[PDB]
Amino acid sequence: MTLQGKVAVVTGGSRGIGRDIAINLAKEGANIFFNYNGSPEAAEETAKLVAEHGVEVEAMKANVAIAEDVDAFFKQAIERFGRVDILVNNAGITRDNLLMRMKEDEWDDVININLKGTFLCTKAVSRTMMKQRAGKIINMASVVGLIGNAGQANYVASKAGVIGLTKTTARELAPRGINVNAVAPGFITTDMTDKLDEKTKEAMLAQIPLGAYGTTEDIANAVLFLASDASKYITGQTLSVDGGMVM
């Protein structure tokens, strides 16, 4: 129970990878405060799966791209729990299109949620962590941020951006004993991959030395490592969890 009584904030906790991160942290003893934006019922369900592990949990609506929402979100976290030991910046979206026809709003929305939202949530949690002289920030990037991917210029830019932001953050907060790292998932069995056709899946599997999509638990286990004392001398790093796709 390596996180017993820690307080973890998880953005995008209402479903997918974020829900499984919340549950995994709860399994290790962390109390959870997470957000949702468009899915209230999904948040109820995360909250019940988390509560089964005997920790305290609270959900709150917040759009991470909106500074006002992010400010109220962290204020309430601190009101409820007094501290934030772990922040997981997991909220993210895709709006895939060829660069040549990519719409300005497809660009803006992905940059604003994925990159700016991570900046906003980092900014809002920074003072509490600096006063605590302790904290872990885990940003959710993607291995395509490392290598590029046709049809995803906005997403790639946002995730490469997050990796750069992770480094600056790590440099700024390191003197107060705060670890800041990123996880870079490859292709994980999720709603994203559930929508794909056989030819597309086949070509994706061919890029993975292990020959299979990862699981949400693989990603949660990386976040857990980076949220715990087991990684206390690691900062400013991106951990790729991608079956060998990017070496």
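We number the residues from 1 along the sequence you see.
Legend: mean Cα B-factor per stretch from the PDB entry, 114-122 versus 100-108; the higher mean is in 100-108. Of the two stretches examined, 220-228 and 6-14, the record assigns the greater average C-alpha temperature factor to 6-14.
Per the deposited record, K75 carries the highest C-alpha B-factor of all listed residues (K159, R171, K75, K136). When the C-alpha B-factors of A184, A47, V180, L210 are ranked from the entry, the top spot goes to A47. The PDB entry assigns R80 a C-alpha temperature factor belonging to the highest third of its chain's modelled residues. Among the modelled residues of its chain, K167 has a C-alpha B-factor that falls in the lowest third, as given in the PDB entry. In this PDB entry, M1 carries a Cα temperature factor that places it within the highest third of its chain's modelled residues.
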